[PDB]
Asks: 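Here's a structure for you.
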Protein chains: 6
Amino acid sequence: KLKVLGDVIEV
Amino acid sequence: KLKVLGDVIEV
Amino acid sequence: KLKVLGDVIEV
Amino acid sequence: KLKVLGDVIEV
Amino acid sequence: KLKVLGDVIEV
Amino acid sequence: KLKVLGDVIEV
């Protein structure tokens, strides 16, 4: 199954 | 740290 | 169209 | 609650 | 390579 | 603004 891993970033 | 866990869908 | 839905989590 | 709405791209 | 760009939203 | 940068994986 596809899954998203990521980061929150302030822009 | 703020991380993201998510799913992919077709819309 | 592909689209991501997810949650922010503190690690 | 903090949710994520995003897009998938090819880079 | 696939990559996710998105926004954090308060729900 | 809080943005997301992430990756797609198969789990």
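Just so it is clear: chains get the letters A, B, ... in the order the sequence lines come, proteins before strands, and each one is counted from 1.
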Asks: Would you mind reporting whether D:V8 and E:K3 have side-chain heavy atoms less than 4.5 Å apart?
Replies: no
Asks: Nearest 0.5 Å please: distance from the CG atom of E:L5 over to the CD1 atom of D:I9.
Replies: 4.0 Å
Asks: What heavy-atom pair brings E:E10 and D:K1 nearest, and what distance separates the two atoms?
Replies: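 Where E:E10 meets D:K1 most closely, the heavy atoms are OE2-N, 3.0 Å.
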